[PDB]
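In the form deposited in one PDB entry, a lone chain appears below as structure tokens.
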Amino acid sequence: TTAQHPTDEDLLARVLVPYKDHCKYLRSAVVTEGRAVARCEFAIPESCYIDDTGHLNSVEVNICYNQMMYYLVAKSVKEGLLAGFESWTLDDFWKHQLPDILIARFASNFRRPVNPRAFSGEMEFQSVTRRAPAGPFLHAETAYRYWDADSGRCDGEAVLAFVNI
């Protein structure tokens, strides 16, 4: 009885346009419906910036979060799922995506190393708050976690700003 959306493959490819061809890590994303959640699968067959370390690096946790978060937002804007984004169209999203979606704060905590080859993740929008000072942006709080098929596990938080809204 909770509404869910399977991976919207067309939207996903378009969300991932700004990322390089060899950097498309987000493979699937089921979005559950006013503060939405994404449940995702990831794969990094080789790193984009460094020789193989043997584990999912902090850097990659962050790249993957960005992908998952952009997808969650885009899909939420498309299906009207996210409180605070009622006025947005998908066109607004493509315009804002790169210059106007900012990370104010990022944290990652590794409990145990994760396998970068195949891993799962999830995130939640915990609050979205609009600000329009006399003379203008959304403030958002999110949490995520990652795990794999063995015992890998990482969790964290990110505070976002959506400016020029």
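Definition used throughout: the rigid core is the maximal C-alpha set that superposes within 1.5 Å between two forms. Counting begins at 1, following the sequence as shown.
What comes next is about the form deposited in another entry, which does not appear here.
Colleague: Have a look at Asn66, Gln97, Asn115, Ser28 and give me the residue whose C-alpha moves 2 Å or more between this form and the one not shown, with the fit done on the rigid core.
Modeller: Result of the superposition: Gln97 is the only one at 2 Å or more.
Colleague: Flagged pair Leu12/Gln97: C-alpha distance shifts by 3 angstroms or more in that other deposited form. Which direction, closer or farther?
Modeller: Farther apart, which means the C-alphas of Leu12 and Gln97 are at least 3 Å more distant in that other deposited form.
Colleague: Compare the CA separation of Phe93 and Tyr25 in that other deposited form with the one in the displayed structure, and answer closer or farther (the difference is at least 3 Å).
Modeller: It is farther: the C-alpha separation of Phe93 and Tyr25 rises by at least 3 Å in that other deposited form.
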